[PDB]
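Presented as structure tokens, the chain that follows is alone, the form deposited in one PDB entry.
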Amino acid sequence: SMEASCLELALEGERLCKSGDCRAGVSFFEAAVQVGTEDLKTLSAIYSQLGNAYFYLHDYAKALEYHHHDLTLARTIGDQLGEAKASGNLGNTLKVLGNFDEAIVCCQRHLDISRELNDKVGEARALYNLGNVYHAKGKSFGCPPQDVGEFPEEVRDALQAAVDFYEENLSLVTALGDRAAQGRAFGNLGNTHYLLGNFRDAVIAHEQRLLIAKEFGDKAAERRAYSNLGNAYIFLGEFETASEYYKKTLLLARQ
């Protein structure tokens, strides 16, 4: 039937994206769309795959559109988890585009549904996703030195809010034992502090990020941590310190 062949093409697409070549994976997903199916669970899944595929490819407009169809459809068939997820992805995409307000609503939904269903895994991710949004939002005021000295309570509020999500996230992910996740949260938590002017707090966060990076054998994350650490010391005045972390950074990407 047309079901079977649509099922095949998607399955392929998954292994293709799973194995690095998402460009071709997209094509197989689109193809499976072109074939189509009376099973909307499956279709829903496929649009999602496309949404992310295209997200990774930096074509955010198309990701938005594919997740919006996913979201709609999950609502259509009463798939709460599916709606939680599609929300998340749409939210993140909206963040990337700079439509923070609607992004917040979308990520907020993801959270609420994940709480309802008592999905702690999903709950924590949404907490991280929200973190990034409020971060991005507060970050996108004017430019990122004169900032830390003077800026509006409604921007503070936006950043402090991220901090609160990150911390909550962290807490959650300590329970689930997810080192990777602590990795991500720590980094962004630190930059958020950096902007807020909490530089000693910044360091702590990135030291944890670095440690976790080293533990995973992750050079890019090592690459960053040193970088972000350089910046904070600079703001405390420790230039000889900064000088070295910066050296390590340049020294790293070499290796």
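Basically, rigid core = biggest C-alpha set you can superpose within 1.5 Å across the two forms. Position 1 is the first residue in the sequence shown; the rest follow in order.
The same protein also exists as the form deposited in another entry; that form is not shown, yet it is the one meant from here on.
Just one of the listed positions, 176, 105, 97, 77, moves its Cα by at least 2 Å between the shown form and the other one when the rigid core is held fixed, and it is 176.
Once the rigid core is overlaid between the shown form and the other one, residue 41 does not reach a Cα shift of 2 Å, moving by less than that.
A movement of the C-alpha atom of residue 60 falling short of 2 angstroms is seen between the shown form and the other one when the two forms are aligned on their rigid core. Superposed on the core, the two forms differ at residue 207: its CA moves 2 Å or more between the shown form and the other one.
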